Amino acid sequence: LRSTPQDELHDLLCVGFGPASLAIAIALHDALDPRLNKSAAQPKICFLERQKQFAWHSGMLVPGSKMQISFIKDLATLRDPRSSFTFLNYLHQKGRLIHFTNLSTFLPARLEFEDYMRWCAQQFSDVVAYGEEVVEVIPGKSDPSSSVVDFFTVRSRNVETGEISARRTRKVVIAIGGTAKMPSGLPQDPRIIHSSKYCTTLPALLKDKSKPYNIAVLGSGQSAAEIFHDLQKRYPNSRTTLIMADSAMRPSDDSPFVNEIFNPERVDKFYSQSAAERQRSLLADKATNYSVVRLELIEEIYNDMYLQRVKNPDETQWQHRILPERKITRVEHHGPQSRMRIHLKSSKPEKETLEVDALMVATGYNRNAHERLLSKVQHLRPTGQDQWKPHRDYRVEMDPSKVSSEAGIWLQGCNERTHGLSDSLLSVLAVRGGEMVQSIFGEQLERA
């Protein structure tokens, strides 16, 4: 793809260049490839990404961590296995395909899958501006005296220089993933760190890997379990504690019938249901992604706890402990020592104390950051509508009398409520990328 000068009106501007945006780029490439599409002037496109280079959840690239989905659900295969952007073609290009085959696994290390996506991302370097944090989307009128919006201005702050840049586009995609969700009862402290900053910020706080630190982990999902388990290897002499409201770590449901809810074709079926039925369906399949741990990891942690029991039958003396059915009621963190004092009580409706050097908080993400960006375009929604309403094709509903048919805003990754549990995942990216290219560039590609 060829670059577009900053000053030109773009056909599409995409906010964020994580997997969701990358899947769109790939799908656009493939749609424009005569070897893949018998139909195939390039669209004027640009991706803005706040990170300085492509990275996928680098704060959680835990040593040994594995993908939780088959490599077949990569960024292209489910749309077109002939694509140059498949995982298998990536491996072939790296001279590693036969070697991977001998592993007999569908689940690559997260490190390898990141490198796959990095390899994909590098092929779009001409159309991605890195180090650009988007701060706002503003409506624009090519005829300022009219009452019709027909473009948007996207403003971004250079992360290095702090300078503001503006780019104009007919169409916008917001694909910015999630922001760290923190419990509202915990105070702000450098020793209290969200899971997303685990690999990034914890080593800077706890510099000496040999020291007998006390480290707590709050949560019971995949991130909590991965951190809990990794801390035992990273800090071999540390005393770790897993704090959870639930009675137990629970396994992720990847059984084949249940798992079909992640099929690309099931988005149609989910989207068509009423608000009530969609709400009920999300709760019925909560065990497939939310606050759950991959079985193999649960078993590994359980085995480690058993080995501690072999060495010492007194659980209170174990180096590493799990404290179930607990909630944090108070955090003392103004004292003269390195350690905070965490007060615990029963998570049951109507206990002990921990002293820790750090508290890792694995409480998931919020996916409402698009709201702050779209603040100035809110008035273009149908009268009295106080929430963004994405259509099946991910384009938000706007007042047809206020916005031209050629102008629009699409949301990606934040649409679980309307599109299902696969929305925030990698599960349907390849197919969704294809659908997005058709939605956004359909008229243009139809001409050829």
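One-based numbering along the sequence shown.
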Q) Can you say how many deposited residues have no coordinates in the span between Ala40 and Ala41, choosing none, 1 to 3, 4 to 9, or 10 or more? A) 4 to 9
Q) Should the segment between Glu350 and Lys351 be described as having none, 1 to 3, 4 to 9, or 10 or more unmodelled residues of the deposited sequence? A) 4 to 9
Q) With respect to the recorded C-alpha B factors, which stretch has the higher mean value, 325-333 or 217-225? A) 325-333
Q: Output the stretch having the higher mean C-alpha B factor in the entry; the candidates are 370-378 and 169-177.
A: 370-378
Q: Using the entry's values, work out which of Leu88, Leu186, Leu297, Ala121 has the largest Cα B factor.
A: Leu186
Q) Checking the entry, which one of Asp393, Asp386, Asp30, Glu397 has the top C-alpha B factor? A) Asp386
Q: Check where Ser58 lands among this chain's C-alpha B-factors and tell me if it's the lowest, middle or highest third.
A: highest
Q: Could you look up the Cα B-factor of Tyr130 in the entry and say which third of the chain it sits in: lowest, middle or highest?
A: middle
(Q) Based on the deposited C-alpha B factors for this chain, I'd like to know if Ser404 is in the lowest, middle or highest third. (A) middle
Q: Report the third (lowest, middle or highest) to which the CA temperature factor of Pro203 belongs, ranking only the modelled residues of the same chain.
A: highest
Q) Comparing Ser422 with the other modelled residues of its chain, is its CA B-factor in the lowest, middle or highest third? A) middle
